[PDB]
């Protein structure tokens, strides 16, 4: 209930998309499943391009992996961008940084609010939120409304606080 309750004010007619992306194995499917806002439906609109969507009324959460095109069609009604990083994966945090910056430079996403989930904080030497803020260069983002939330998606810790912040921004 608590997640559907966050979107009560955004309920309406204009369909707004929340896009949640990050490297493979960051935790994005796990997060979608923890929202309990509807079934996770997988589509393949182009060969090689797997998309996961949960449609709750006029709000859609759309997920895909970034990291080593047709994406431009999704950006139109995208009001929020959630980037999920595996805070335990130090080998690939520089690649995450490169994919985040590549998303933020899309002109079709220039007015989008950015929520960063620093996920897998339960793991013994996960990087904390301040450290991920450094590795991702978030303080260098000067004209973006952003926020970083430390999370453990398997237990749900932090998901509500992150999404509460985001819904407030889209108000």
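Residue numbers count along the first chain shown, from 1.
Query raised in the report: Which fits the stretch between residue 124 and residue 125: none, 1 to 3, 4 to 9, or 10 or more deposited residues lacking coordinates?
Result: Per the record, no deposited residues are absent between residue 124 and residue 125.
Requested in this report: May I ask you to compare 145-153 and 13-21 by their mean CA B factor in the entry and name the higher one?
Outcome: Taking the mean C-alpha B-factor of 145-153 and of 13-21, the larger value falls to 13-21.
**Report entry** Residue range whose averaged C-alpha B-factor is higher in the record, 45-53 or 27-35
**Finding:** That would be 45-53.
Query raised in the report: Going by the deposited entry, which of 110, 120, 139, 135 has the highest CA temperature factor?
Result: Of the candidates given, the C-alpha B-factor peaks at 110.
Report task. Would you mind checking which of 40, 116, 70, 129 has the top Cα temperature factor in the PDB entry? Result -> 70 has the highest C-alpha B-factor of those listed.
Query - Position of residue 100 among the chain's modelled residues by C-alpha B-factor, lowest, middle or highest third - result: Ranked within chain, residue 100 CA B lands in the lowest tercile.
Requested in this report: State the tercile, meaning the lowest, middle or highest third, of residue 89 with respect to the CA B-factors recorded for its chain.
Outcome: Answer is highest: the recorded C-alpha B-factor places it there.
Requested in this report: Rank-wise, by C-alpha B-factor, drop residue 2 into the lowest, middle or highest third of its chain.
Outcome: Middle third - that is where residue 2 ends up once the chain's C-alpha B-factors are sorted.
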